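Taking the form deposited in one PDB entry, here's one chain by itself in structure tokens.
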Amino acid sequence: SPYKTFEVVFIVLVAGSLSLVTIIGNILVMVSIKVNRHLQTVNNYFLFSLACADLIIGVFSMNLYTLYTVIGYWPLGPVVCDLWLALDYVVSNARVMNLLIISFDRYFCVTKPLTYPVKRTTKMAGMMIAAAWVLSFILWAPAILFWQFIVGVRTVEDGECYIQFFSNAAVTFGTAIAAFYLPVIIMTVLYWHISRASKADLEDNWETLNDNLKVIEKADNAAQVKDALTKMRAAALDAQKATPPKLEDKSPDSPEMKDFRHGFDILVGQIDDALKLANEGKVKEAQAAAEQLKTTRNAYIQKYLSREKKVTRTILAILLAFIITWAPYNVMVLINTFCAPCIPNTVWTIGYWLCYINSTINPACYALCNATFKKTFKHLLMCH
């Protein structure tokens, strides 16, 4: 039987690799926020707590579950079984309410801009996170650990490990409705209002200009510099014809409006000098002109102030990773209410693992797309 043994060795290697990636990625996120004040924002406070729950899953949950499935029974004991189940459900519930905190916090940012942002401090974020973990502990830990003493009998036999009050399939489905399906519905509606709020024009032009300027600086070939030059110039002219939030609400004849347009005119002049040199065969010189563009952009930036499009995308990525990795297990619970043989044990294990995988892919949804996280990662990994 060489194939069965190879399956066991393959599973141990894959599970150990998944656990290790989950641990390293989330420790990198947590340490980066703690050592970089530029990363110490309210958003990253929520992401810090989310990385903390993901780290616990990678350290405790994945390894204990791998030991459970590989050995074929629970080898540690009833106490360690109860602690593992309680830790798993408390951490998972804290994750769900953490995503609800991120979704509601973003909702009040886009719907109450005159009131909520001033109430959005680090102390408020810490209290919300602390309340989420305490509520999760109170909801799940006493029932999981002490239900056997409430009914006066432990029905979990030796070598088994499962939540005792989940012996009724309808109870498990009710848990799936209250703890997974309703929160997912709330976050979906909340995100729906988020993307509808983001769906004003001035930020959409200035963000395009800065983005294409970065693309010019870090371009690999001659096509990227051309496309970014043209699209930045189009966004530059659209941002030129419009009026910024100028002070004193001055007329177009004002010295503030005239010099505002003049800065964009000089910007287009350097843009066309860069485009010319790019067509002469001096594509490297067009990149040097982008630095001069950056200089001119910094010489007349006092007239302007939005990365919030990236923030909305980041939230959607975190929400989709949660929904997609946790939905299979929860539909197995739904089918389990009326057909237990319809879900084999191997399928249950896969659904359980996909939920764990949520913690593995979580850091890649926000950390691997943020310039400050990337630079802090590089600093943490470079030899001093």
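Residue numbers run from 1 along the displayed sequence. Basically, rigid core = biggest C-alpha set you can superpose within 1.5 Å across the two forms.
Keep in mind the form deposited in another entry is missing from the figure; the text below concerns it.
Trainee: Give the option from 120, 193, 282, 313 whose C-alpha shifts by 2 Å or more between this form and the one not shown; the alignment is on the rigid core.
Mentor: The answer here is 282.
Trainee: Look at residue 210 and decide if its Cα position differs by 2 Å or more between this form and the one not shown after superposing on the rigid core.
Mentor: Shift at residue 210: 2 Å or more after core fit.
Trainee: Rigid core superposed, CA of residue 292 - does it shift 2 Å or more between this form and the one not shown?
Mentor: Residue 292: C-alpha displaced by 2 Å or more between this form and the one not shown.
Trainee: I want to check residue 260: does it shift between this form and the one not shown by 2 Å or more at the Cα, with the core superposed?
Mentor: Result for residue 260: yes, a 2 Å-plus shift.
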